[PDB]
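**Student:** One structure coming up, written as structure tokens, with questions to follow.
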Amino acid sequence: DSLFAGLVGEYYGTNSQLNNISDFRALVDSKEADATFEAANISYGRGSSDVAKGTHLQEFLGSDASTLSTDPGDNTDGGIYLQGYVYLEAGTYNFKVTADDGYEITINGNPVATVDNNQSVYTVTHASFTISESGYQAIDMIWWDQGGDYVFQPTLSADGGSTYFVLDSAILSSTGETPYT
Ligand SMILES: O[C@H]1[C@H](O)[C@@H](O)[C@H](O)[C@@H](O)[C@H]1O
Ligand SMILES: [Ca+2]
Ligand SMILES: [Ca+2]
Ligand SMILES: [Ca+2]
Ligand SMILES: [Ca+2]
Ligand SMILES: [Ca+2]
Ligand SMILES: [Ca+2]
């Protein structure tokens, strides 16, 4: 599998409505990804006029779009599924996520940030969680756009919410091996 400083990204589009996490996960299950990419700087958007139309996905992904495997065709609705590893020291953390529409982030298989509905842009400060052992932790994310505006910026705090960082190539690994890229 390729080793890079990022998460493995998949994009899926649909012409059905995405109302909630279940709907997007079912879309992921239903087919092969419409495009793959390397998610090395997970701060996407904001934009307008549907993520799944035209070149809006490219604009949304920005700095990560040069790794797209293809340019998807138009759809009404769409979203991303990211998976891989993140280096975190043992301790307490919490996410603070800005998004339109919803999303779910899991670490070591456990949900740590959830918005199970559509929404115009909103920032949630999520509850803390603990990491028991320093190292590369498993992480995955889903996010979608039902239409209209779109943005997705998870940030993470290690210091009780005083400072937050974007998850990017400093700490992400596609396989859990140390990237030297
Ligand atoms: O991007 C849109 C936009 O913000 C709409 O005004 C809101 O109602 C939707 O839920 C969201 O998807
Ligand atoms: Ca699939
Ligand atoms: Ca396109
Ligand atoms: Ca950008
Ligand atoms: Ca609203
Ligand atoms: Ca829709
Ligand atoms: Ca939207």
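Positions of Cβ are generated from backbone atoms using ideal geometry, with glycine treated the same way; all protein chains shown enter the neighbour counts. Each reported figure results from applying straightforward, stated rules to the coordinates on display, with no laboratory input.
**Student:** Can you tell me which residue within region 33-54, out of those that are away from ligand 3 (no atom under 13 Å from the Cβ) and part of a loop (DSSP other than H, G, I, E, B), is nearest to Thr98 (Cα to Cα)?
**Tutor:** Per the stated criteria, the residue is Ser43.
**Student:** Out of the residues in region 55-79 that are away from ligand 3 (no atom under 12 Å from the Cβ) and touching an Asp or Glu at 6+ places or on another chain (Cβ under 7 Å), which is farthest from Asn117 (Cα to Cα)?
**Tutor:** Once the filter is applied, the top-ranked residue is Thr67.
**Student:** Restricting the search to region 120-155, which residues are among the aliphatic types (A, V, I, L, M) and under 13 Å from the mean Cα position of the chain (by Cα)?
**Tutor:** Taking region 120-155 as the starting set, the residues that turn out to be among the aliphatic types (A, V, I, L, M) are 121, 124, 127, 131, 138-139, 141-142, 151.
If the condition is that a residue be among the aliphatic types (A, V, I, L, M) and under 13 Å from the mean Cα position of the chain (by Cα), then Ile139, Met141, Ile142, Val151 are the ones that fit.
**Student:** Any residue in region 143-165 that is in contact (Cβ under 8 Å) with a residue 12 or more places away in the chain and within 16 Å of ligand 7 (Cβ to nearest atom) sitting within a Cβ distance under 7 Å of a residue that is hydrophobic (A, V, I, L, M, F, W, C) and in a loop (DSSP other than H, G, I, E, B)? List the pairs, counting only those 6 or more apart or interchain.
**Tutor:** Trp144/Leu18; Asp145/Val51; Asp145/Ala52; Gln146/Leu18; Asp149/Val121; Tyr150/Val51; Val151/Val121
**Student:** Could I ask something else about it? So which residues in region 22-37 are more than 10 Å from ligand 2 (Cβ to nearest atom) and closer than 23 Å to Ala5 by Cα?
**Tutor:** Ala35, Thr36, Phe37
**Student:** Are any residues in region 115-155 assigned to a strand (DSSP E or B), under 15 Å from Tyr93 (Cα atoms) and of a type in the set (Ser, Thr, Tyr), and if so, which ones?
**Tutor:** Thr125, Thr130, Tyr136, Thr155
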